[PDB]
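Participant: To start, I am sharing the structure in question, which I have written as C-alpha cells.
FYI, it's all coordinate maths here, none of it is from the lab. Note: ideal-geometry Cβ built from the backbone for every residue, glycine included; neighbour counts use all protein chains shown.
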Amino acid sequence: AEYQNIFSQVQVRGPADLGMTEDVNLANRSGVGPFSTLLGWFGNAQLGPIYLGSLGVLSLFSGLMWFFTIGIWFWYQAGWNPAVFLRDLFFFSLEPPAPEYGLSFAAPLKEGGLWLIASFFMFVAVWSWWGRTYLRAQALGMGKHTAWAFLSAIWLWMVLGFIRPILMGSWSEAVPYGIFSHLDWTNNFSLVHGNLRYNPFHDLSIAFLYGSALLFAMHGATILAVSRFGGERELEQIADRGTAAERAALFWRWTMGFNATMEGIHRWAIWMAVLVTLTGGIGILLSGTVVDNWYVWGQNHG
Amino acid sequence: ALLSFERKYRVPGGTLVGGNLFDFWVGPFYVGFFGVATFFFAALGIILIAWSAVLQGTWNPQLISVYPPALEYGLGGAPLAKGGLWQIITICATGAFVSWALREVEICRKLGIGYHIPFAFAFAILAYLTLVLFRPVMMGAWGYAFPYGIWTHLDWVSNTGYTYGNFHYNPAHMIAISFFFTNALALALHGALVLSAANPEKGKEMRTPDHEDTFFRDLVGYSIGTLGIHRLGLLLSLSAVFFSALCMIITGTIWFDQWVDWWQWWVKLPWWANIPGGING
Amino acid sequence: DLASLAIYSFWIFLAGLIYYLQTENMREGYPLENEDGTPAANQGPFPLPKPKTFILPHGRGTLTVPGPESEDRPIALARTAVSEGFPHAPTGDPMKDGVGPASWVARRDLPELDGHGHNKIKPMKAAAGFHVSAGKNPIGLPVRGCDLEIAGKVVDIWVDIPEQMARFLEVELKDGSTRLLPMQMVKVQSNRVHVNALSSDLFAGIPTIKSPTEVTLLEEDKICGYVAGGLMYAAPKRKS
Ligand code: BCL
Ligand code: BCL
Ligand code: BCL
Ligand SMILES: CC[C@H]1c2cc3[nH]c4c(c3C)C(=O)[C@H](C(=O)OC)c4c3nc(cc4[nH]c(cc(n2)[C@@H]1C)c(C(C)=O)c4C)[C@@H](C)[C@@H]3CCC(=O)OC/C=C(\C)CCC[C@@H](C)CCC[C@@H](C)CCCC(C)C
Ligand SMILES: CC[C@H]1c2cc3[nH]c4c(c3C)C(=O)[C@H](C(=O)OC)c4c3nc(cc4[nH]c(cc(n2)[C@@H]1C)c(C(C)=O)c4C)[C@@H](C)[C@@H]3CCC(=O)OC/C=C(\C)CCC[C@H](C)CCC[C@H](C)CCCC(C)C
Ligand SMILES: COC(C)(C)C(=O)C/C=C(\C)CC/C=C(\C)CC/C=C(\C)CCCC/C(C)=C/CC[C@H](C)CC/C=C(\C)CCC=C(C)C
Ligand SMILES: CCCCCCCCCCCC[N+](C)(C)[O-]
Ligand SMILES: CCCCCCCCCCCC[N+](C)(C)[O-]
Ligand SMILES: [Fe+3]
C-alpha cells in the first residue's frame, strides 16, 4: 500500500498566484479565475490569470468566427432543427470549392464560398496565436522553443489546407470541416496515392508518433519514480544535479546502456514530438505533386 | 565504465530471484536473473527467426517474414514450417518482454525508486499480447495474429482494418488516436517549456518554474504544473495504448461488421430517427 | 528525384541530430570512470560537447557543464571481487554513510528559491494564506513506521509556495525534536500516517536540518536519500 504520486493525497491552497511581471504588460492580464479542487488532485487548482492582448483578441475572435461559420453551415444542413442537428452532428461537413473553380474565389457561398471564408478565419486565428506563443515567451525573457515546436504542427496544417491545394492547382484538394468527412477525406487520400505504408515520411511520422508515446511514458514514469527525491523540480536539477537526476539516469543506464540528463531529455522530448508533424508534412506535400503513387515510387525510387 | 557519480549506487541487493548469483553488471548493463532470462529468450527467438529465414528462402531483413498458423489449426499447435516457429518465437517474445520488465523492477529496488517505469512498460506488453494472444484466443485461431516482418506486419495492419471498412469508425480507435495525438502535443509542449526556461534569451538568467507557470497561464489561462505534466504525459501515453488494445480486442469479436454502421445506433434514436432533413433524412 | 532527395537528406539530418542529442546528454557524469575514479580507457564514440554556462538567478552564480566533476565526499564502499563490474559493499552503515539506495548528492547547501527570491519550501505554519484545501489533513495524526510502532506525531506540512503543493510532513518524535519526511513516501490514512520505508527506530537517524523555517537542497537530498534507502536497509524490521 505504498503511495504512487499519480493523485495528490492532500491539497493545499494559498493566495492566488498572479505570476511574474518583467516586461509583461500587466494591463493585459485578467484577474485570477476560480480554483478547482477537481483539477487539484492531478495538477494545479488555479485557473487564470490569462493574458488577453490585442493579438489574442484578434485570434480568439477569428477562431470563433471559423467555428461559427462552420456551425452556421451545419444548421443550414439541418434545416434549423435542433433534434436533426444533434442527430447528424458528425455527418455535416463544410466542403471546399469543387475542382472546376481551381484556386479561384468565385465558387458560390454554399458550394465553396463558406469553406474559403472559414479557412480565412482559421488562417488568421492560427497564425495570430503562433505570434502570441512567441510574444508571451519574449515578454518573459524565455527561449523561443514553444514557438519553434508549434511551427512544426503548423507545417502539417499549412500543407494540408493551403500549400498542397495551391501546388495541386485547386482548393478541392484541401480538407473539409466535419468529423466523419475529415476521416473520409483521410481514407480517401490514402487509397489514391497507392499504399500509404510505402511513403517513407509517412512511416517515419508513425515511428515518431509511437516513439512520442514511448518517450512520454518513459519520461513521465521516470519523474514519478524519482519524485521522492524532488525529481519534478527539473530546472534546479539542471542547475545543481541531485540524487533524483542521478538515479533517473542510472535506471536507464543499467536498463539499456545509455541515458540522458535532466536538460537533455527535454531536447530528446521536443524533437521526438516535432519530427512527427515535420516528416508527416513532407510526406503529404510530396503526394500528388511529385509522386502519384508511393508504391510505384518504392519500386523504382524515382 | 561508470558515469562519474555511479559508484555509490552499485551496492548489492534488490534482486527478486537468485540472491547474489546474478547481482552484477556487464559494462553499463545491469544483469539480474532476469537479465539472464531476457538473453535466453531473445537469443532463442533471434535464432528461431533466423531459422525461419532459411526455410523461407532469404536473408534479406526486409523480406524475412514469419507467419502464424493458418486459420485451419485454430488454437492448436502446428508444424514448425507452417506457424510453429511463430508460436515458439511468440513465447520467446513474451518471455523476453516480461523478463525485461521484471529486470526493471530489480533495477528500481536497487536504486530506491518507484516502480512506475516497468508498470508503464507493461501496457505495451499487454497491447502486444492482445494482438498475438488475447484477440486470437477469443477469435478461435492463431491465424488472426500479425506476422513478423518489417513490411508484412504492415500489410496485416491494412488487411485487418479494411475487413471492417474504414477502421477510422472504430470508436475505441478514435479515443486511442486522440490520446496519441494529445500525447505528442504535450510532449512538444513539455520539452519546449522546460528548455525555454533553462535556455532563456541570450545573456539572461535561467528562468524558474514560476516563469513556466506564468508563461502557460498568460497563453491559455491555465498551467498543469511540473508534477502534473509528468502525470499527464504518463496518463496520455498509457491511455493511448490501453484504447489501442481495447479498440482491437472488441474487433472481430463483439463487433465484426463495418465500423461505420456501428454509428447507426445513435441516428436511429426514436426522438429524431424519423424527423426529416439533415444528412440522414 | 525530389522525394528520394528529401529522404536521403532526411537520414543525414536525423544522424546529425542523434549525434547532437547524444553529446548534449554528456554534460553530466562524463567522462566515464573505472571503479577507482580514474578516467576509463573506452569513453565511447561520442565526444564531450563544448561547454555551456547557465546563469543562475538570485546571485547564485553560474554552472558550466561539462566541467571537472567531483563527488564532494567520502564513499563508504569497497569492492567484493577482484575484477570489474561487481557490486560494492558498504563499509559501515549504508543508511548513515549515504550510499546505495540511501545515497545523497552534495547539492548546494542553500534552499531553492522561487522567482521572487523567497525560499520555495516553507512550513505551512509560516506560509501566510496557505491551508489544506482537500483530502484528510494529516497534521495531528500519529505516524507509524513499517514495524507497526508509532514513531511520532505530524506537527506541520512543508509546502511548495509557488507550486502550491505538499512537499514534506514535519514529524515530531518522542524527544520533542522534528524530522521532515517526503510526501511521496508517506500514506495519509484516516487515523494514522503510515511510513512503509522506515521502521520506528530509524526515524531518529533521519538527517536533521539547521533552521526550522527553511530546508536546503543538500538537506532535502539527505532526507529523501535516507527515507528511500530504508526500503532496502529496513527490510529486516519491516513486516506485513
Ligand atoms: C502497433 C500497431 C501495429 C503496427 C503498426 C505499424 C505502423 C503503421 C508502422 C509500424 C512501423 C514499425 N513497427 Mg510496427 N506495428 C505493430 C507491432 C510492432 C511490434 C510489436 C512487437 O508489437 C514491433 C517490434 C514493431 C516494430 C516496428 C518498426 C519496425 C517500425 C518502426 C517502429 C517505431 O518507431 O516504434 C517507435 C519506437 C521507438 C522509436 C523505439 C525503437 C524501436 C525499434 C526501432 C524497433 C526495431 C524492431 C525490429 C525491427 C524487430 C526485430 C527484432 C530482432 C528480432 C532483434 N511493430 C502493430 C501490429 N508499425 C513503421 C514502419 O516504418 O515500418 C516500416 C510504421 O509506419
Ligand atoms: C486510412 C488512412 C491511412 C492513413 C492516411 C494518413 C494521411 C492522409 C495523413 C496521415 C498522417 C499521420 N498518420 Mg497515417 N494513415 C493510415 C495508417 C496510420 C497508422 C496505422 C496504425 O495504421 C498510424 C499509426 C498512422 C499515424 C499517422 C500520424 C503519425 C500522422 C499524423 C500526425 C499528427 O499528429 O497529425 C495531427 C496533427 C495535425 C493535423 C496538425 C494540427 C495543427 C493545427 C495548427 C491545429 C489547429 C487547431 C485549430 C485552430 C482548432 C482548435 C480546436 C481547439 C478546441 C481550440 N496512420 C491509413 C493507411 N495518415 C498525416 C501525415 O502527416 O501523413 C504523412 C496525414 O496527413
Ligand atoms: C488501413 C489501416 C486502418 C487501421 C488499422 C489498424 C489496425 C489493424 C490496428 C491499428 C492500431 C492502431 N492504430 Mg489504426 N488504422 C488506420 C488509421 C489510423 C490512423 C490514421 C492517421 O488514419 C492512426 C493515427 C491510427 C492509430 C492507431 C493506434 C491507436 C493503434 C496502434 C498503436 C499501438 O497499438 O501501440 C501499442 C504498442 C505495441 C503493439 C508495441 C509493443 C511492443 C513490445 C511491448 C516490445 C517490442 C520490443 C522489440 C522486439 C524491440 C527490441 C529490439 C531493439 C532492442 C529495439 N490508425 C487505418 C484506417 N490500426 C493497432 C492497435 O490498435 O493495436 C492494439 C492495430 O492492431
Ligand atoms: C504506453 C506504452 C508505450 C511504451 C512504453 C514503454 N516501452 C518500453 C518501456 C516503456 C515504459 C520500457 O521500459 C522499455 C524500454 O526499456 O525502452 C528503452 C520499452 C521498450 N519498448 C520497445 C519497443 C516499442 N515500444 C513501443 C510502444 C510503446 N512503448 C507505447 C507507445 C513500440 C511501438 C511499435 O509503438 C515499440 C516498437 C523496446 C525498445 C523496449 C523494450 C526492449 C526489450 O524488451 O528487450 C527485450 C527483448 C529483446 C532485446 C528482443 C527480443 C525479440 C525476440 C524474442 C524476437 C523478435 C520478436 C518479434 C515480435 C519481432 C517483431 C517484428 C516487427 C517487424 C513487427
Ligand atoms: C509537434 C506536433 C504536435 C503539436 C504541437 C503543438 N501544438 C500546439 C503547440 C505545439 C508545440 C502550441 O504552442 C499551441 C498551443 O498553444 O497549445 C497550448 C498548439 C495548439 N495545438 C492545438 C490543436 C491541435 N494540435 C494538434 C497536433 C499537434 N500539435 C501535434 C501532435 C492537433 C491534432 C489534430 O492532433 C490539434 C487539434 C491548439 C490547442 C493550439 C493552437 C491554438 C490556436 O491556434 O487557436 C486559435 C484560437 C482559437 C481557434 C479559438 C477557437 C475557439 C474554438 C475553435 C471554439 C471552442 C471549441 C469548444 C469545443 C467549445 C467552443 C466554445 C464556444 C461554444 C463559446
Ligand atoms: C451549437 O451550434 C452553434 C451555432 C452554437 C455552433 O457553434 C456549432 C458549431 C459546430 C457544430 C462546429 C463544428 C466545427 C467542426 C466540426 C470543425 C471540424 C474541424 C476539423 C475536423 C478540421 C480538420 C482539418 C482542417 C484543416 C487541414 C484546415 C486547414 C486550414 C488552412 C491551412 C487554411 C488555408 C487558407 C484558406 C484556404 C483561405 C485562403 C485565402 C486567404 C486570403 C489566406
Ligand atoms: C480584469 C479582471 C477580470 C478577470 C476576472 C475573470 C476571471 C477569468 C480568468 C480566466 C481563467 C480561465 N481559463 C483561462 C481557464 O479559461
Ligand atoms: C532512436 C535512438 C537511438 C539511440 C542511439 C544512441 C546510442 C547511445 C550511445 C551510448 C554510448 C555511449 N557511452 C555510454 C559510452 O557514453
Ligand atoms: Fe520533464
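Participant: Please arrange B:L44, A:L103, B:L232 by counting, for each residue, the other beta carbons lying within 10 Å of its beta carbon, fewest first.
Facilitator: Fewest to most other Cβ atoms nearby, the residues stand as A:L103, B:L44, B:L232.
Participant: Is the range A:1-99 rounded, prolate or oblate when judged by the Cα gyration tensor, a ≥ b ≥ c being the square roots of its eigenvalues, rounded requiring a/c under 1.5 and prolate requiring a/b larger than b/c? Working shown, then result.
Facilitator: Details: a/c = 3.26, a/b = 1.61, b/c = 2.02.
Note, shape of the range A:1-99 comes out oblate.
Participant: Let me know the mean shielding of C:101-112 by other chains, meaning the per-residue number of their Cβ atoms within 10 Å of its Cβ.
Facilitator: 6
Participant: Mind putting a number on the dipole of the range B:1-163 about its Cα centre? Charges go on the C-beta only, +1 for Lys and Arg and -1 for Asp and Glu, and I need it in Debye to the nearest 20.
Facilitator: Roughly 380 debye, rounded to the nearest 20.
Participant: When chain B is modelled as a GNM with alpha-carbon springs shorter than 10 Å, which of B:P12, B:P61, B:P28 fluctuates the most?
Facilitator: Of the options given, B:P28 has the highest mean-square fluctuation.
Participant: Highest GNM mean-square fluctuation, chain B, Cα pairs closer than 10 Å: which of B:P118, B:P136, B:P200?
Facilitator: It is B:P200.
Participant: Of the trypsin sites (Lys or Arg not before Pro) in the range C:144-220, which ones lie in a loop per DSSP and count no more than 10 other C-beta atoms within 10 Å?
Facilitator: Hits after loop and neighbour filter: C:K210.
Participant: Quick one: Cα centre-to-centre distance for the range C:37-62 and the range A:244-274, in angstrom?
Facilitator: 16
Participant: Compactness ratio of the range C:107-240: Cα Rg over 2.2 N^0.38 Å, N = residue count?
Facilitator: 1.02
Participant: Something else now. Toward the positive end of the charge dipole of the protein assembly as shown, about the Cα centre and with charges on Cβ (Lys, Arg +1; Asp, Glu -1), which of A:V276, A:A221, C:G140 goes farthest?
Facilitator: Highest projection toward the positive end goes to C:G140.
Participant: Now a separate question. Towards the positive end of the charge dipole of the range A:160-302, with charges on Cβ (+1 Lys, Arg; -1 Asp, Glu), say which of A:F180, A:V296, A:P200 has the farthest Cα.
Facilitator: The Cα lying farthest towards the positive end belongs to A:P200.
Participant: Let me ask something additional. So how strong a dipole does chain B carry about its Cα centre when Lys and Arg Cβ are +1 and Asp and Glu Cβ are -1, to the nearest 20 debye? Intermediate results must be reported in sequence, preceding the final value.
Facilitator: Working: 14 positive and 14 negative charges, 95 e Å.
For this selection, approximately 460 debye.
Participant: Another question about this same structure. Using alpha carbons only, how many angstrom separate the centre of the range B:68-105 from the centre of the range C:72-93?
Facilitator: Result: 42 Å between the Cα centres.
Participant: Please work out whether chain A counts as rounded, prolate or oblate from its C-alpha gyration tensor, where a ≥ b ≥ c are the square roots of the eigenvalues and a/c under 1.5 means rounded, while otherwise a/b larger than b/c means prolate and anything else oblate?
Facilitator: Judged from the Cα gyration tensor, chain A comes out oblate (a/c at least 1.5, b/c at or above a/b).
Participant: Sorted by mean Cβ packing within 10 Å, highest first, what order do the peptides A:143-151, C:37-45, A:286-294 take?
Facilitator: Highest-to-lowest ranking by the protection proxy: A:143-151, A:286-294, C:37-45.
Participant: Ok, one more. Going by average Cβ neighbours within 10 Å, how do the peptides B:261-272, B:183-194 rank, with the highest at the top?
Facilitator: By packing density, highest mean first, the sequence is B:183-194, B:261-272.
Participant: Give the order of B:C247, C:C224 when sorted by the count of other beta carbons within 10 angstrom, beginning with the fewest.
Facilitator: Neighbour counts put them in this order, fewest first: B:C247, C:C224.
Participant: With the cut-off at 30 Å, tell me which of the pairs B:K110/B:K204; C:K187/C:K210; C:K52/C:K187; C:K122/C:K239; C:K153/C:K222; C:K96/C:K239 have Cα atoms farther apart than that.
Facilitator: Over 30 Å apart, Cα to Cα: B:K110/B:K204; C:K52/C:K187; C:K122/C:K239.
Participant: Top mean-square fluctuation among C:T208, C:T64, C:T178, Gaussian network model of chain C, C-alpha springs under 10 Å?
Facilitator: C:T64
Participant: Taking the Cα centre of each part, how many Å lie between the range B:192-246 and the range C:143-220?
Facilitator: Distance between centres, Cα-based: 29 Å.
Participant: Determine the shielding of peptide A:89-102 by partner chains: average, over its residues, the number of Cβ atoms on other chains within 10 angstrom of each Cβ.
Facilitator: That average works out to 1.
Participant: In debye, nearest 20: dipole of the protein assembly as shown around its Cα centre with unit charges on the Cβ of K, R (+) and D, E (-)? Please list the in-between numbers first.
Facilitator: Values: 54 positive and 60 negative charges, 221 e Å.
With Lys and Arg at +1 and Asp and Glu at -1, about 1060 debye.
Participant: Test of understanding: ordering B:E106, C:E84, A:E95 by Cβ neighbours within 10 Å, fewest first, what list do you get? Write down the numbers at each step before the final one.
Facilitator: Values: B:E106 26, C:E84 14, A:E95 18.
Fewest to most other Cβ atoms nearby, the residues stand as C:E84, A:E95, B:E106.
Participant: In chain B, which whole DSSP H runs stretch at least 27 Å along their own axis (Cα) and average 1.0 or higher on the Kyte-Doolittle scale? Kindly include the intermediate steps, with their values, before the conclusion.
Facilitator: Details: long enough: B:33-56 (34 Å, 2.07); B:84-111 (40 Å, 0.81); B:171-198 (41 Å, 1.52); B:226-249 (35 Å, 1.74).
Answer set is B:33-56, B:171-198, B:226-249.
Participant: What is chain C by shape, rounded, prolate or oblate, if you read a ≥ b ≥ c off the alpha carbon gyration tensor as root eigenvalues and call it rounded for a/c under 1.5, prolate for a/b larger than b/c, and oblate otherwise?
Facilitator: prolate
Participant: What number comes out for the charge environment of A:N300, summing +1 per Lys or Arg and -1 per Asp or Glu over other residues with Cβ under 15 Å away?
Facilitator: Around A:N300, the surrounding residues sum to -2.
Participant: Another question about this same structure. Hey, what did chain B get for relative contact order, percent, Cα under 8 Å, at least 6 apart? Spell out each step's value before the answer.
Facilitator: Numbers: 311 pairs, mean separation 50.8, N = 281.
Computed value for chain B: 18 percent relative contact order.
Participant: Please name which of A:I50, A:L135, A:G112 has its Cα lying farthest along the dipole of chain A towards the positive end, using unit charges on Cβ (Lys, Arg +1; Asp, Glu -1) and the Cα centre as origin.
Facilitator: Of A:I50, A:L135, A:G112, it is A:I50.
Participant: Averaged across A:43-54, how many Cβ atoms of other chains sit within 10 Å of each residue's Cβ atom?
Facilitator: Mean shielding by partner chains, rounded to a whole number: 5.
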